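Asker: this one's structure only:
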Ligand SMILES: COc1cc(=O)n(C)cc1-c1cc(NS(C)(=O)=O)ccc1Oc1ccccc1
């Protein structure tokens, strides 16, 4: 209903995205993409605004999100970056779709 009640609900969503239940498809999103280590050609030229769950967690922990909409935008940016950069048949795209299914359903249940 209110900003704080909506933010509490978003903290609940983040907790689920970082739970053991979803870890089999969430782990590539736990930390920022390390383009050098992975040999991700032109990653930082194609992706202007990198995002990952550790960044979303740091922002939630410090109360940096003013509303639920800011939180949604960051999570969605993380999935959108993954779809934009990677080939459609890469395993990480399938993991991203799986985690996003979890996010979208819980975010839609926000009162
Ligand atoms: C191309 O890999 C990615 C592309 C991408 O858009 N995202 C968000 C994440 C990855 C990714 C990142 C790391 N390690 S990391 C966080 O950079 O330290 C490890 C595995 C990763 O995915 C893989 C999944 C299955 C097979 C191969 C890779």
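Answerer: Received it, and whenever you're ready, just let me know what you need. Residues are numbered from 1 along each chain as shown.

Asker: Every contact and neighbour count from this point should use C-alpha atoms.
Answerer: Will do.

Asker: Tell me how far residue 80 lies from the ligand.
Answerer: 9 Å (Cα to the nearest ligand atom, to the nearest Å).

Asker: And the strand or helix carrying residue 104, how far out from the chain middle?
Answerer: For residue 104, the host element (DSSP states H and E) is helix 91-108. Relative to the chain's own centre, helix 91-108 is displaced by 9 Å; criterion: Cα atoms, centre = their mean, to the nearest Å.

Asker: can you offset everything so residue one is 3?
Answerer: Yep, numbering from 3; the last one is helix 93-110 now.

Asker: Remind me what it packs against, helices and strands.
Answerer: Packing partners of helix 93-110 (3 or more Cα pairs under 8 Å, 6 or more residues apart in numbering; DSSP states H and E): helix 5-19, helix 25-28, helix 70-87.

Asker: which parts of this protein sit against the ligand?
Answerer: The chain comes close to the ligand at residues 30-31, 33-36, 84, 93-94, as judged by Cα under 6 Å from any ligand atom.

Asker: Show me which of these are buried.
Answerer: The neighbour-count test (16 or more other Cα atoms under 10 Å) marks 31, 35, 84, 94 as buried among the residues of the chain next to the ligand.

Asker: Most widely separated two among those?
Answerer: Largest separation among these by Cα to Cα: 35 and 94, giving 11.7 Å.

Asker: List the residues that contact residue 31.
Answerer: 54-55, 80 (Cα atoms under 8 Å, 6 or more residues apart in numbering).

Asker: again, only using 7 Å
Answerer: When contacts are counted by Cα atoms under 7 Å, 6 or more residues apart in numbering, residue 31 touches 54-55.

Asker: What separation do you get for the spatially most central residue of the chain and the ligand?
Answerer: With distances taken as Cα atoms, centre = their mean, the residue of the chain nearest its centroid is residue 77 (3.5 Å). According to Cα to the nearest ligand atom, residue 77 and the ligand sit 11 Å apart.
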